[PDB]
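To begin, one chain is listed below as structure tokens, in the form deposited in one PDB entry.
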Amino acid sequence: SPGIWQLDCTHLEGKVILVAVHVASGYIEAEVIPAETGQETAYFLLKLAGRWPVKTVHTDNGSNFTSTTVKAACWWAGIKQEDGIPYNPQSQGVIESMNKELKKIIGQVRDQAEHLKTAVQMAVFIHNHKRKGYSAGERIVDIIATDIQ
């Protein structure tokens, strides 16, 4: 499970926040996009897979699962695309909670950032650095290091 990620799309200020969560650690990367198109999702996954060893992605919905451009990016990057259907129901609630938590952080920084995209990146930072005692950033690095060795 060191290579497993989940896509998550949430909305705020009439914009779309696209999130990738590393399932085993809770570590995230996120971007603001105008709308959640196959093309945007494909580009986001290319960026993600160049940065971390992404083996499997649970896509966030059937449109992206279907998307020719998403399928092309996954092929290019060596990613196995899977559905993101919560056969374990506690999955959906974990996501919902993260979306709520991310929006909360965004609200707390919203003041220090002129643009939504800045506040989202501040939120990524705070989320990944939060000690819970290791942080998500520490967990993902330990998980993947153990996997290499």
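Note that residue numbering follows the sequence shown and begins at 1.
One more form of this protein exists, namely the form solved in complex with a small molecule; it is left out here, but the text below deals with it.
Not displayed here, the small molecule is approached by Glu101 to within 4.5 Å at the level of heavy atoms in the deposited bound form. Within this chain, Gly84 is remote from the site of the small molecule in the deposited bound form, having no heavy atom within 4.5 Å.
Contact annotation: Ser97 falls within 4.5 Å of the small molecule in the deposited bound form, judged by heavy atom distances.
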